[PDB]
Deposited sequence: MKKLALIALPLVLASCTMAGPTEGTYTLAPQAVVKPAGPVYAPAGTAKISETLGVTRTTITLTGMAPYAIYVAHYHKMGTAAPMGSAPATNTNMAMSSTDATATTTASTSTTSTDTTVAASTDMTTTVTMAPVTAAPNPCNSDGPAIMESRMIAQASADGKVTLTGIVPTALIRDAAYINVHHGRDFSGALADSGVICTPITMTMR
């Protein structure tokens, strides 16, 4: 009846990756008011659906972390992770760099130890 066809298939050699691209970039916002500090670290070009726990690591430059500034949120679908969080300025004292890490779950935890970071 209708014209048929039955081609055999052939593997391609350069099966290049597609989809979004891993290039950690970002801009932080350390807005400070009366005695609390809201911080909006907007990151882009991150990992499609990953967790990005970010806090304030004190001077130590692997040092201790004021864990009372943990912000946990997930990375959208193109790596558009937007972290936010309030912390009394008194706790913040002696913090030197806001380190962004990957997470193992929305319950904090540490997977990667410093994917992106900035002084203050």
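Visitor: Should a student be asked to find the unmodelled regions, what ranges of the deposited sequence would be the right answer here?
Guide: According to the record, the gaps fall at 1 to 19, 80 to 141, 202 to 206.
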